[PDB]
């Protein structure tokens, strides 16, 4: 399994664009695509995972472990007192947990557990972060940089600190890779913090339905329209692939053939 590094401390728009491109190209199936949009692999393709190393301005890092089939963050590691400290979500199966241990921290004599004692659903992360909606957790490059430093090499931190980091990182890494729209929100706001708008949230929550709708579309027409939100919180009834393709970075894996095109 490969590691993609993003230097948050020295980030520029172009370096984030390159990061997104690299992450999409490592995660995607080598071949699968629908309507020109690359698709993630089935859950049997190896390697099953990708690592994403995030570097702060002090050169400390956190490495996220992502599942290729759905781009979920499974856990993260940091160097702590010389040790590979691995932090696994509590919703990972026994067999995948072994893989997380061994992928984040391959040397079994130099590693140390520090569990994430909660699941990785946004509802849970929001709860831990003290917010009723992740619209209330700002995203941004300086925020990500700061949050890495609250955790990496730090003996103890609160669940709120951890959940904030995870909400920021999940959205700026996995959601941005899945959605060019979200990558572009980061780029448009590159020099500042921002709050995810209703379209960011609607895309995040509907990626599986969107991916299925694109995979199933015939001659560019969705079989069933899909109702999303625009950035101004008005309904967006998507009728055609060409309406939503610009916002897409990766499709969730969907079995069967599609117009590739």
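Residue numbers count along the first chain shown, from 1.
Q: Mean C-alpha B-factor higher for 147-155, or for 187-195?
A: Per the deposited B-factors, the answer is 187-195.
Q: Tell me which of 196-204 and 40-48 has the higher mean C-alpha B-factor in the deposited entry.
A: The stretch with the larger mean CA B-factor is 40-48.
Q: By the entry's C-alpha temperature factors, tell me which of 161, 127, 117, 174 sits highest.
A: Largest recorded C-alpha B-factor: 117.
Q: Is residue 209 in the lowest, middle or highest third of its chain when residues are ranked by C-alpha B-factor?
A: Its C-alpha B-factor, which the entry lists for residue 209, ranks in the lowest third among residues of this chain.
Q: Going by the entry, which third of its chain does the Cα temperature factor of residue 241 land in?
A: It falls in the bottom third of the chain.
Q: Ranked by Cα temperature factor within the chain, is residue 226 in the lowest third, the middle third or the highest third?
A: Middle third, going by the recorded CA B-factors of the chain.
Q: Ranking the modelled residues of this chain by C-alpha B-factor as given in the entry, is residue 11 in the lowest, middle or highest third?
A: CA B-factor rank for residue 11: highest third.
Q: Divide the modelled residues of the chain into thirds by Cα B-factor and specify which third, lowest, middle or highest, holds residue 77.
A: Lowest third.
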